[PDB]
Amino acid sequence: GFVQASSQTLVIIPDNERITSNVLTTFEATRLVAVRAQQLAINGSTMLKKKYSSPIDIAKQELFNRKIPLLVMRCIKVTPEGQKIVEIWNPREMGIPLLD
Amino acid sequence: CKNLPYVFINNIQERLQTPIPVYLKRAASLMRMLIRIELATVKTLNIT
Amino acid sequence: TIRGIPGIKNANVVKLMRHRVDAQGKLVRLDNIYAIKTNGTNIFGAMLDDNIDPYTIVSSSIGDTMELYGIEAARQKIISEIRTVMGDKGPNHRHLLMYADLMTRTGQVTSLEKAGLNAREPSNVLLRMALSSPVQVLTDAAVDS
Amino acid sequence: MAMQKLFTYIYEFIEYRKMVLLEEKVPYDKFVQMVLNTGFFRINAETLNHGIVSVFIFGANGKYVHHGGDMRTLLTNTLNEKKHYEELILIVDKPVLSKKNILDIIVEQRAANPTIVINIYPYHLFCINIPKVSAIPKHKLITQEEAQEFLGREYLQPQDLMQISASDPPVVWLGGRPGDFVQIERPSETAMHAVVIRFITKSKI
Amino acid sequence: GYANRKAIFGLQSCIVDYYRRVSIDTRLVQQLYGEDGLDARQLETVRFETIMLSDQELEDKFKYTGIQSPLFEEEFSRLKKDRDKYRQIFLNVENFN
């Protein structure tokens, strides 16, 4: 039979209708820093001003200084008509948890 | 205290003052209760 | 039956403390209250007695509570009975809430055995294969598609 | 002493469900006399939407619970009576719930009468005022529009909610049917109280 | 180990979603995690002062009489209602245990 599931269309909730929190979870901040540190290990191209000798410190400082070039997508629902309703959050405009 | 349950949603809906689900009002009941005791007028006279 | 209610072997007399609001609005813990802690459960039998308060029958049996009171009372009964086993170093209340809410989410009290898993997540073949017996679970999955 | 408790709390059950009694209430002695001789007692009540609800209390030694023919005859003649029936409550002793033949007559009368709700309940379900039991949280039926608004805000389907049987004693005293939603306000030792919404499913018997 | 492995396989699918609910892939197990939405590592034991007080000690300690405005009649009235509701709920919990 039709094993292949049909393609989905990405439905982005307008920014004034988002229901999830404006504060990053510790999981999300850790994921952002890990992903960005791996990207820097790939390229090394950053807009951070101060010099750091490791990708991890550059990633944390980019998150803390609100310069991280990543977006958080929170998948809210998969409609059985084909839509994938998600929320897009900008970590540069979000609260940052206690990463100590 | 009236805007306390918006901790469970976000600051966008708090600014827009959208309706709050009933189960989220109930989840802020102990913190609403505690704040009204510890921030009572008789206890906050020396606070600007 | 010559005397007593069926299902209960021994009935003791215990002293317990309860709170109450006075006419002056004060909450006072009353220590001079005598209960009957029985040996064996029959909620319906104790309910039919005119010497017992029927609205405050506290059975330790989840199945007895589920049958007579419902799933929401049985949820509170699972919480209470796990608390008793845990003791004084018992976990936070929200971990007891997690057991009871899972065990009662279908409207009936399911177990943490392979029968309860099949009742809550029947289509999760891989989870059910990992628990107890893959060959049996795999055989039904292939047959049932 | 199930008969004595039933004689009071069945009428408490009728009042809690917001119905008007149709016959004059007889005293308890002739209630037991009619249960022992006629084999059952019949209580009729009228709902706000003019539906008629009849409750049959069957004695534990009566013929209707031991012989399926008598039960089939009684149900056939009562359901053929020209009344605006909407709900029949057949209160039987607990062991009767394990008799396959009686339940077979029950489900066959259901099949022959698709628009009439037929329910058979044990004794203990009407031997208390179930809502006033301390261990039972506060149950309340909610409308389909409110439930739809709640589910729409939550991006949920009715099949994702926690579910509750229609034979649950609080739901029975509410009169909840499968497909309905019951909001339960329940005590919490973490938040001092909580609210859940459950989806009412089919009765087990 | 026997009880640990059976408890984990029955509960491991319970995961917090974006509404702070606990569900099994779509199906609600809790409308809100722990009914308060909190982490167990972020809790402090705190005493609520009004619970044990009488009607007169409550009005002596918490009713403000410096300003003769109807606001403070309402502020104290909300203190009694919270006090009464707390007593009602947890006295009932004392009943079924």
# chains A, B, ... in the order shown; residues from 1 in each chain; ligands from 1
>>> select_by_dssp(residues="chain B", states="helix (DSSP H, G or I)", output="PDB file with C-alpha atoms, in the first residue's frame")
ATOM      1  CA  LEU B   4      -0.065  35.424  38.000  1.00  0.00           C
ATOM      2  CA  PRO B   5      -1.299  32.471  35.857  1.00  0.00           C
ATOM      3  CA  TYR B   6       0.402  34.049  32.817  1.00  0.00           C
ATOM      4  CA  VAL B   7       3.630  32.624  34.243  1.00  0.00           C
ATOM      5  CA  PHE B   8       2.338  29.386  32.716  1.00  0.00           C
ATOM      6  CA  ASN B  11       4.379  37.609  28.450  1.00  0.00           C
ATOM      7  CA  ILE B  12       2.769  38.091  25.017  1.00  0.00           C
ATOM      8  CA  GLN B  13      -0.628  36.866  26.209  1.00  0.00           C
ATOM      9  CA  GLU B  14      -0.210  38.739  29.494  1.00  0.00           C
ATOM     10  CA  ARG B  15       0.153  41.975  27.525  1.00  0.00           C
ATOM     11  CA  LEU B  16      -2.823  41.031  25.337  1.00  0.00           C
ATOM     12  CA  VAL B  22      -9.439  27.321  34.249  1.00  0.00           C
ATOM     13  CA  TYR B  23      -6.869  24.633  35.049  1.00  0.00           C
ATOM     14  CA  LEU B  24      -4.123  27.287  34.968  1.00  0.00           C
ATOM     15  CA  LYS B  25      -5.964  29.550  37.402  1.00  0.00           C
ATOM     16  CA  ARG B  26      -6.108  26.621  39.836  1.00  0.00           C
ATOM     17  CA  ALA B  27      -2.365  25.981  39.490  1.00  0.00           C
ATOM     18  CA  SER B  29      -3.872  29.282  43.773  1.00  0.00           C
ATOM     19  CA  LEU B  30      -1.236  28.497  46.417  1.00  0.00           C
ATOM     20  CA  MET B  31       1.086  31.230  45.150  1.00  0.00           C
ATOM     21  CA  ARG B  32      -1.806  33.689  44.934  1.00  0.00           C
ATOM     22  CA  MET B  33      -2.706  32.693  48.490  1.00  0.00           C
ATOM     23  CA  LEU B  34       0.844  33.078  49.815  1.00  0.00           C
ATOM     24  CA  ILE B  35       1.460  36.452  48.155  1.00  0.00           C
ATOM     25  CA  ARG B  36      -1.719  37.893  49.671  1.00  0.00           C
ATOM     26  CA  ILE B  37      -0.536  36.828  53.137  1.00  0.00           C
ATOM     27  CA  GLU B  38       3.108  37.892  52.945  1.00  0.00           C
ATOM     28  CA  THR B  41      -0.894  45.905  53.796  1.00  0.00           C
ATOM     29  CA  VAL B  42      -0.077  45.312  57.469  1.00  0.00           C
ATOM     30  CA  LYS B  43       3.224  43.709  56.400  1.00  0.00           C
TER      31      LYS B  43
END
>>> interface_residues(of="chain D", to="chain B", cutoff="8 Å", atoms="only C-alpha atoms", output="mmCIF file with N, CA and C atoms, in the first residue's frame")
data_model
loop_
_atom_site.group_PDB
_atom_site.id
_atom_site.type_symbol
_atom_site.label_atom_id
_atom_site.label_comp_id
_atom_site.auth_asym_id
_atom_site.auth_seq_id
_atom_site.Cartn_x
_atom_site.Cartn_y
_atom_site.Cartn_z
ATOM 1 N N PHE D 150 -12.398 24.487 24.858
ATOM 2 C CA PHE D 150 -11.230 24.022 25.600
ATOM 3 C C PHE D 150 -10.315 23.178 24.721
ATOM 4 N N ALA D 191 -0.941 21.668 44.659
ATOM 5 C CA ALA D 191 -1.455 22.966 44.242
ATOM 6 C C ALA D 191 -2.731 23.356 44.974
ATOM 7 N N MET D 192 -3.136 22.575 45.974
ATOM 8 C CA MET D 192 -4.277 22.798 46.859
ATOM 9 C C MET D 192 -5.614 22.521 46.175
ATOM 10 N N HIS D 193 -5.622 22.437 44.843
ATOM 11 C CA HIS D 193 -6.728 21.876 44.069
ATOM 12 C C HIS D 193 -6.421 21.945 42.579
ATOM 13 N N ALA D 194 -7.024 21.050 41.801
ATOM 14 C CA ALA D 194 -6.770 20.957 40.373
ATOM 15 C C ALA D 194 -8.075 20.683 39.644
ATOM 16 N N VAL D 195 -8.068 20.961 38.345
ATOM 17 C CA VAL D 195 -9.215 20.733 37.477
ATOM 18 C C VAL D 195 -8.771 19.858 36.315
ATOM 19 N N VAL D 196 -9.511 18.779 36.064
ATOM 20 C CA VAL D 196 -9.296 17.965 34.876
ATOM 21 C C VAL D 196 -10.615 17.845 34.131
#
>>> closest_atom_pairs(of="region 6-91 of chain E", to="region 7-23 of chain A", cutoff="10 Å", atoms="only C-alpha atoms", output="CSV")
residue,atom,partner,partner_atom,distance
E:18,CA,A:20,CA,6.3
E:19,CA,A:20,CA,7.0
E:20,CA,A:20,CA,9.3
>>> write_last_selection(atoms="N, CA and C atoms", output="PDB file, in the first residue's frame")
ATOM      1  N   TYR E  18       4.501  20.894  25.453  1.00  0.00           N
ATOM      2  CA  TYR E  18       4.626  22.346  25.435  1.00  0.00           C
ATOM      3  C   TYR E  18       3.527  23.059  26.207  1.00  0.00           C
ATOM      4  N   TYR E  19       2.515  22.342  26.690  1.00  0.00           N
ATOM      5  CA  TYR E  19       1.495  22.918  27.553  1.00  0.00           C
ATOM      6  C   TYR E  19       1.742  22.607  29.023  1.00  0.00           C
ATOM      7  N   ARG E  20       2.910  22.052  29.349  1.00  0.00           N
ATOM      8  CA  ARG E  20       3.248  21.503  30.660  1.00  0.00           C
ATOM      9  C   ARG E  20       2.389  20.298  31.024  1.00  0.00           C
TER      10      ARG E  20
END
>>> closest_residue(among="A:81, A:28, A:93, A:57", to="chain B", atoms="only C-alpha atoms")
A:93
>>> closest_atom_pairs(of="chain E", to="chain C", cutoff="10 Å", atoms="only C-alpha atoms", output="tab-separated table")
residue	atom	partner	partner_atom	distance
E:3	CA	C:112	CA	8.8
E:5	CA	C:131	CA	8.2
E:6	CA	C:112	CA	5.8
E:7	CA	C:112	CA	5.9
E:8	CA	C:112	CA	8.7
E:9	CA	C:131	CA	6.6
E:10	CA	C:112	CA	5.5
E:11	CA	C:102	CA	7.2
E:12	CA	C:127	CA	9.8
E:13	CA	C:127	CA	9.3
E:14	CA	C:102	CA	8.2
E:22	CA	C:98	CA	9.0
E:23	CA	C:102	CA	9.3
E:24	CA	C:121	CA	8.4
E:25	CA	C:121	CA	9.9
E:27	CA	C:105	CA	9.0
E:28	CA	C:105	CA	7.8
E:29	CA	C:102	CA	5.8
E:30	CA	C:101	CA	6.5
E:31	CA	C:101	CA	9.9
E:33	CA	C:94	CA	7.7
E:34	CA	C:94	CA	4.6
E:35	CA	C:94	CA	7.9
E:36	CA	C:94	CA	8.9
E:37	CA	C:94	CA	9.7
E:38	CA	C:94	CA	9.2
E:39	CA	C:94	CA	9.2
E:40	CA	C:92	CA	7.1
E:41	CA	C:92	CA	9.8
E:51	CA	C:27	CA	7.7
E:52	CA	C:27	CA	5.4
E:53	CA	C:26	CA	5.7
E:54	CA	C:26	CA	3.8
E:55	CA	C:25	CA	4.8
E:56	CA	C:24	CA	7.6
E:57	CA	C:26	CA	8.8
E:58	CA	C:25	CA	9.2
E:84	CA	C:25	CA	9.6
E:87	CA	C:27	CA	8.5
E:88	CA	C:21	CA	9.9
E:90	CA	C:19	CA	9.8
E:91	CA	C:19	CA	7.1
E:92	CA	C:56	CA	9.5
E:93	CA	C:76	CA	9.3
E:94	CA	C:18	CA	7.5
E:95	CA	C:56	CA	6.1
E:96	CA	C:58	CA	5.6
E:97	CA	C:58	CA	6.1
>>> write_last_selection(atoms="N, CA and C atoms", output="CSV table (one decimal), in the first residue's frame")
chain,number,residue,atom,x,y,z
E,3,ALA,N,10.5,-4.8,40.6
E,3,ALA,CA,9.5,-3.7,40.6
E,3,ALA,C,10.0,-2.4,39.9
E,5,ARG,N,11.9,-2.2,37.1
E,5,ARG,CA,11.9,-2.4,35.7
E,5,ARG,C,10.4,-2.3,35.2
E,6,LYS,N,9.5,-2.9,36.0
E,6,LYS,CA,8.1,-2.8,35.5
E,6,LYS,C,7.5,-1.5,35.7
E,7,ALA,N,7.9,-0.7,36.7
E,7,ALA,CA,7.4,0.6,36.9
E,7,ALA,C,8.0,1.6,35.8
E,8,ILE,N,9.2,1.4,35.4
E,8,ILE,CA,9.8,2.3,34.4
E,8,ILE,C,9.2,2.0,33.0
E,9,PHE,N,8.9,0.7,32.7
E,9,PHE,CA,8.3,0.5,31.4
E,9,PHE,C,6.9,0.9,31.3
E,10,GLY,N,6.2,1.0,32.4
E,10,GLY,CA,4.8,1.5,32.4
E,10,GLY,C,4.7,3.0,32.4
E,11,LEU,N,5.8,3.7,32.8
E,11,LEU,CA,5.7,5.1,33.0
E,11,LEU,C,6.6,5.9,32.1
E,12,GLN,N,7.6,5.3,31.4
E,12,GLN,CA,8.6,6.0,30.7
E,12,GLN,C,8.0,6.8,29.5
E,13,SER,N,6.9,6.5,29.0
E,13,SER,CA,6.3,7.2,27.9
E,13,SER,C,5.6,8.5,28.4
E,14,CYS,N,5.6,8.8,29.7
E,14,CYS,CA,5.0,10.0,30.2
E,14,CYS,C,6.0,11.1,30.1
E,22,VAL,N,1.3,16.2,30.7
E,22,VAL,CA,2.0,14.9,30.6
E,22,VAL,C,1.1,14.0,29.8
E,23,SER,N,1.6,13.5,28.7
E,23,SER,CA,0.8,12.7,27.7
E,23,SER,C,1.6,11.5,27.3
E,24,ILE,N,0.9,10.6,26.7
E,24,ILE,CA,1.6,9.4,26.0
E,24,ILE,C,1.3,9.6,24.5
E,25,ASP,N,2.2,10.3,23.8
E,25,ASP,CA,2.3,10.6,22.4
E,25,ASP,C,1.2,11.5,21.9
E,27,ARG,N,-2.0,11.4,24.2
E,27,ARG,CA,-3.1,11.1,25.1
E,27,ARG,C,-2.7,11.6,26.5
E,28,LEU,N,-3.5,12.5,27.1
E,28,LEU,CA,-3.2,13.1,28.4
E,28,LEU,C,-3.1,12.1,29.5
E,29,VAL,N,-2.1,12.2,30.3
E,29,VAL,CA,-2.0,11.5,31.6
E,29,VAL,C,-2.2,12.5,32.7
E,30,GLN,N,-1.8,13.7,32.5
E,30,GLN,CA,-2.0,14.8,33.5
E,30,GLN,C,-2.3,16.1,32.7
E,31,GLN,N,-3.3,16.9,33.2
E,31,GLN,CA,-3.6,18.2,32.5
E,31,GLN,C,-2.4,19.1,32.8
E,33,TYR,N,1.6,18.9,34.9
E,33,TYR,CA,2.5,18.1,35.6
E,33,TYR,C,2.5,18.4,37.1
E,34,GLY,N,2.3,17.4,37.9
E,34,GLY,CA,2.2,17.5,39.3
E,34,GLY,C,1.1,18.4,39.8
E,35,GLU,N,0.1,18.8,38.9
E,35,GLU,CA,-1.0,19.7,39.1
E,35,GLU,C,-0.5,21.1,39.5
E,36,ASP,N,0.8,21.4,39.6
E,36,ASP,CA,1.3,22.7,39.8
E,36,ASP,C,2.3,23.2,38.7
E,37,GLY,N,2.7,22.3,37.9
E,37,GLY,CA,3.6,22.6,36.8
E,37,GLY,C,5.1,22.9,37.2
E,38,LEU,N,5.5,22.5,38.4
E,38,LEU,CA,6.8,22.8,38.9
E,38,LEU,C,7.7,21.6,38.9
E,39,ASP,N,9.0,22.0,38.9
E,39,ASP,CA,10.1,21.0,39.1
E,39,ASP,C,10.2,20.7,40.6
E,40,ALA,N,10.5,19.4,40.9
E,40,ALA,CA,10.6,19.0,42.3
E,40,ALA,C,11.9,19.5,42.9
E,41,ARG,N,12.9,19.9,42.1
E,41,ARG,CA,14.1,20.5,42.7
E,41,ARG,C,14.0,21.9,43.0
E,51,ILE,N,-3.6,29.9,58.5
E,51,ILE,CA,-4.4,28.7,58.5
E,51,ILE,C,-4.9,28.4,59.9
E,52,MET,N,-4.0,28.5,60.9
E,52,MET,CA,-4.3,28.1,62.3
E,52,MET,C,-5.0,29.2,63.1
E,53,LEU,N,-5.1,30.4,62.6
E,53,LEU,CA,-5.6,31.5,63.3
E,53,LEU,C,-7.1,31.4,63.4
E,54,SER,N,-7.7,32.0,64.5
E,54,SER,CA,-9.1,32.1,64.6
E,54,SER,C,-9.6,33.3,63.9
E,55,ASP,N,-11.0,33.6,64.0
E,55,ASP,CA,-11.6,34.7,63.3
E,55,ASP,C,-11.1,36.0,63.9
E,56,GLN,N,-10.8,36.0,65.1
E,56,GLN,CA,-10.4,37.3,65.8
E,56,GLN,C,-8.9,37.5,65.6
E,57,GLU,N,-8.0,36.5,65.8
E,57,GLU,CA,-6.6,36.7,65.5
E,57,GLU,C,-6.3,37.0,64.1
E,58,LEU,N,-7.1,36.4,63.2
E,58,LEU,CA,-7.0,36.8,61.8
E,58,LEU,C,-7.3,38.3,61.5
E,84,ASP,N,-10.4,30.0,54.4
E,84,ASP,CA,-11.5,29.0,54.5
E,84,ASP,C,-11.4,27.9,53.5
E,87,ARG,N,-8.7,25.4,54.5
E,87,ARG,CA,-9.2,24.5,55.5
E,87,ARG,C,-10.1,23.5,55.0
E,88,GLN,N,-11.0,23.9,54.1
E,88,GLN,CA,-12.1,23.0,53.6
E,88,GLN,C,-11.4,21.8,52.8
E,90,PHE,N,-8.2,20.6,52.8
E,90,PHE,CA,-7.2,19.7,53.5
E,90,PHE,C,-7.9,19.1,54.7
E,91,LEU,N,-9.0,19.6,55.2
E,91,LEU,CA,-9.8,18.8,56.1
E,91,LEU,C,-10.4,17.6,55.4
E,92,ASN,N,-10.9,17.8,54.2
E,92,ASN,CA,-11.5,16.7,53.4
E,92,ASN,C,-10.4,15.7,53.1
E,93,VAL,N,-9.2,16.1,52.8
E,93,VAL,CA,-8.1,15.2,52.5
E,93,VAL,C,-7.8,14.4,53.7
E,94,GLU,N,-7.9,15.0,54.9
E,94,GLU,CA,-7.8,14.3,56.2
E,94,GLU,C,-8.8,13.2,56.4
E,95,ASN,N,-10.0,13.4,55.7
E,95,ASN,CA,-11.1,12.5,55.9
E,95,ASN,C,-10.9,11.2,55.2
E,96,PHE,N,-10.4,11.2,53.9
E,96,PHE,CA,-10.3,10.0,53.2
E,96,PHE,C,-8.9,9.4,53.3
E,97,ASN,N,-8.2,9.6,54.4
E,97,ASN,CA,-6.9,8.9,54.7
E,97,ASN,C,-6.9,8.3,56.1
>>> residues_around(residues="residue 67 (chain A)", least_positions_apart="2", cutoff="10 Å", atoms="only C-alpha atoms", output="list in words")
residues 46, 47, 48, 59, 61, 62, 63, 64, 65, 69, 70, 91, 92 and 93 of chain A
>>> closest_atom_pairs(of="chain D", to="chain C", cutoff="8 Å", atoms="only C-alpha atoms", output="JSON lines")
{"residue": "D:1", "atom": "CA", "partner": "C:48", "partner_atom": "CA", "distance": 5.7}
{"residue": "D:2", "atom": "CA", "partner": "C:48", "partner_atom": "CA", "distance": 6.7}
{"residue": "D:5", "atom": "CA", "partner": "C:48", "partner_atom": "CA", "distance": 7.3}
{"residue": "D:124", "atom": "CA", "partner": "C:44", "partner_atom": "CA", "distance": 6.5}
{"residue": "D:125", "atom": "CA", "partner": "C:68", "partner_atom": "CA", "distance": 6.7}
{"residue": "D:128", "atom": "CA", "partner": "C:54", "partner_atom": "CA", "distance": 7.5}
{"residue": "D:130", "atom": "CA", "partner": "C:69", "partner_atom": "CA", "distance": 7.4}
{"residue": "D:132", "atom": "CA", "partner": "C:55", "partner_atom": "CA", "distance": 6.9}
{"residue": "D:133", "atom": "CA", "partner": "C:55", "partner_atom": "CA", "distance": 4.7}
{"residue": "D:134", "atom": "CA", "partner": "C:55", "partner_atom": "CA", "distance": 5.8}
{"residue": "D:135", "atom": "CA", "partner": "C:73", "partner_atom": "CA", "distance": 5.3}
{"residue": "D:136", "atom": "CA", "partner": "C:73", "partner_atom": "CA", "distance": 5.1}
{"residue": "D:137", "atom": "CA", "partner": "C:72", "partner_atom": "CA", "distance": 6.8}
{"residue": "D:162", "atom": "CA", "partner": "C:105", "partner_atom": "CA", "distance": 5.1}
{"residue": "D:163", "atom": "CA", "partner": "C:106", "partner_atom": "CA", "distance": 5.2}
{"residue": "D:164", "atom": "CA", "partner": "C:107", "partner_atom": "CA", "distance": 4.2}
{"residue": "D:165", "atom": "CA", "partner": "C:107", "partner_atom": "CA", "distance": 5.8}
{"residue": "D:168", "atom": "CA", "partner": "C:70", "partner_atom": "CA", "distance": 5.3}
{"residue": "D:169", "atom": "CA", "partner": "C:70", "partner_atom": "CA", "distance": 5.9}
{"residue": "D:170", "atom": "CA", "partner": "C:70", "partner_atom": "CA", "distance": 7.0}
{"residue": "D:189", "atom": "CA", "partner": "C:93", "partner_atom": "CA", "distance": 7.1}
{"residue": "D:190", "atom": "CA", "partner": "C:93", "partner_atom": "CA", "distance": 6.9}
>>> select_by_dssp(residues="region 26-164 of chain D", states="strand (DSSP E)", output="PyMOL selection string")
chain D and resi 40-46+52-58+85-91+117-121+138-142+163-164
>>> interface_residues(of="chain E", to="chain B", cutoff="9 Å", atoms="only C-alpha atoms", output="NGL selection string")
:E and (19-20 or 31-32 or 35-37 or 48-50 or 61-65 or 72 or 75-76 or 78-79 or 82-83)
>>> write_last_selection(atoms="C-alpha atoms", output="CSV table (one decimal), in the first residue's frame")
chain,number,residue,atom,x,y,z
E,19,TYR,CA,1.5,22.9,27.6
E,20,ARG,CA,3.2,21.5,30.7
E,31,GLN,CA,-3.6,18.2,32.5
E,32,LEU,CA,-0.6,19.8,34.3
E,35,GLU,CA,-1.0,19.7,39.1
E,36,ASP,CA,1.3,22.7,39.8
E,37,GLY,CA,3.6,22.6,36.8
E,48,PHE,CA,1.1,29.7,55.7
E,49,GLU,CA,0.3,32.0,58.6
E,50,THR,CA,-3.5,32.4,58.4
E,61,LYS,CA,-3.1,40.6,62.6
E,62,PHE,CA,-4.0,41.1,58.9
E,63,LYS,CA,-6.9,43.6,58.8
E,64,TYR,CA,-5.5,47.1,58.1
E,65,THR,CA,-7.3,50.0,59.7
E,72,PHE,CA,-8.9,47.0,52.7
E,75,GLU,CA,-8.2,42.8,50.9
E,76,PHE,CA,-9.0,41.1,54.3
E,78,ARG,CA,-9.9,37.7,50.3
E,79,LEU,CA,-7.7,36.6,53.1
E,82,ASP,CA,-8.3,31.8,51.0
E,83,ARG,CA,-8.1,30.7,54.6
>>> interface_residues(of="chain A", to="chain D", cutoff="10 Å", atoms="only C-alpha atoms", output="MDAnalysis selection string")
chainID A and resid 19 76:79 85
>>> residues_around(residues="region 75-86 of chain D", least_positions_apart="6", cutoff="8 Å", atoms="only C-alpha atoms", output="PyMOL selection string")
chain D and resi 50-54+109+115-117
>>> atom_distance(atom1="CA of residue 174 (chain D)", atom2="CA of residue 187 (chain D)")
19.5 Å
>>> atom_distance(atom1="CA of residue 61 (chain D)", atom2="CA of residue 40 (chain D)")
10.1 Å
>>> closest_residue(among="E:69, E:4, E:15, E:26", to="chain D", atoms="only C-alpha atoms")
E:26
>>> residues_around(residues="residue 106 (chain D)", least_positions_apart="4", cutoff="10 Å", atoms="only C-alpha atoms", output="list in words")
residues 68, 71, 72, 75, 90, 100, 101, 102, 110, 111, 118, 119, 120 and 205 of chain D
>>> residues_around(residues="residue 166 (chain D)", least_positions_apart="6", cutoff="7 Å", atoms="only C-alpha atoms", output="PyMOL selection string")
chain D and resi 172+176-178+200-203
>>> write_last_selection(atoms="C-alpha atoms", output="short mmCIF file (atom, residue, chain, number, x, y, z; two decimals), in the first residue's frame")
data_model
loop_
_atom_site.label_atom_id
_atom_site.label_comp_id
_atom_site.auth_asym_id
_atom_site.auth_seq_id
_atom_site.Cartn_x
_atom_site.Cartn_y
_atom_site.Cartn_z
CA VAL D 172 -24.22 7.67 37.11
CA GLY D 176 -23.46 11.22 32.08
CA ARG D 177 -23.65 9.49 28.70
CA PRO D 178 -20.85 8.30 26.41
CA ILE D 200 -17.17 9.73 29.16
CA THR D 201 -16.99 6.32 27.49
CA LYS D 202 -19.26 3.28 27.30
CA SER D 203 -20.65 1.55 30.37
#
